[PDB]
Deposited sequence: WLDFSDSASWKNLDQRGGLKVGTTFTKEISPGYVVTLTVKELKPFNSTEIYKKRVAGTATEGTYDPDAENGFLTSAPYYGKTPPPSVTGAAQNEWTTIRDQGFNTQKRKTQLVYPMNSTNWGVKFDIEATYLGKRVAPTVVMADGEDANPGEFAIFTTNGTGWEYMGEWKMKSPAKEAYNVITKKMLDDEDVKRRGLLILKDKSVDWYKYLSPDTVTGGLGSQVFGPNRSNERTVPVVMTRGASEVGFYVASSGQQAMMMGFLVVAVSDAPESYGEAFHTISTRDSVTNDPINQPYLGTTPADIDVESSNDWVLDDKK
């Protein structure tokens, strides 16, 4: 994974230390093997020929804008009130390998020319890409290539779910209006993959998707006669409750009324960022 935080790897940055057309990133990633990235374009997906073809002949054909610029969602309060950020790697270890557009509520893109050399000779590179952040159904990251069509390599720890129109519309109703869908300058349904099964494997466009493997922490209490579950959420949470019976043999009849009637014992106050030591 490239370390975009290494400031000496960058040349020809803008006034704010961010990318412009002609910015380069160069790294000798292995002895003799040099990769050079050059910024060719800084434009969002609604400016691409890919998007032009997806909206052709529909009600939203006019949303194709080849002159579109990186910036805020037009529904955001930032739009027109504050300059948008620059694309940057400048930490400003998970962060080090990320290239970001460091404000919320945006529609942006970058296209890089890539060159790899091995002992000074040009070679065909093998490029891997991922979104380092989590994505809900209204959060889109799309990958394009002019090389081989995308091949799934596996999961990187910090098969998956392709975002569909139904998932996006369900998320819109659930949140009572996603900010992104309030931007009427783009047809967001045409950001979604045409391939609802694999999200673009074996094509030159991958995503947008969301990772599908989550876990939940499990806790245990023994000798309870009362358990409570409390929720406050803009969404929904859900109770799971189970019982273990493997050790019933030597289980007591009860932990006792004396134990059960003590007031609920709250957790100790422990905040090491506030108070590093007990003494």
Quiz item: Numbering the deposited sequence from 1, which residue ranges have no coordinates here?
Solution: 93-105, 172-177, 299-318
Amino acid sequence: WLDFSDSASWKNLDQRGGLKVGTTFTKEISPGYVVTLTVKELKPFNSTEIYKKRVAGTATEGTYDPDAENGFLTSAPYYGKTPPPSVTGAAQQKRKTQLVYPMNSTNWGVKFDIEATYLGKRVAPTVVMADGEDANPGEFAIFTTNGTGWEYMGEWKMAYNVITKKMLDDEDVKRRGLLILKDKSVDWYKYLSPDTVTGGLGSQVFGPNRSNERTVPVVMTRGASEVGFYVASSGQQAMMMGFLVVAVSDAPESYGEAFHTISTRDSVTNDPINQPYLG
From here on, numbers count along this sequence of modelled residues.
Quiz prompt | Of 21-29 and 265-273, the one with larger mean CA B-factor | solution = 265-273
Quiz item: For the stretches 98-106 and 114-122, which has the higher mean C-alpha B-factor as given in the deposited record?
Solution: 114-122
Quiz prompt | Per the PDB entry, maximal CA B factor within 231, 247, 218, 42 | solution = 247
Quiz prompt | Candidate set 89, 149, 132, 199 [ranked by C-alpha B-factor, highest] | solution = 89
Practice problem: Sort the modelled residues of this chain by their C-alpha B factor and say whether residue 222 lands in the lowest, middle or highest third. | Solution: lowest
Quiz item: Against its chain's modelled residues, does residue 239's Cα B factor rank lowest, middle or highest third?
Solution: lowest
Exercise. Quick one: classify residue 209 as lowest, middle or highest third of the chain based on its Cα B-factor.
Key: middle
Exercise. Please rank the C-alpha B-factors of the chain's modelled residues and tell me whether residue 80 sits in the lowest, middle or highest third.
Key: highest
Self-check item: Relative C-alpha B-factor of residue 177, binned into the chain's lowest, middle or highest third
Solution: highest
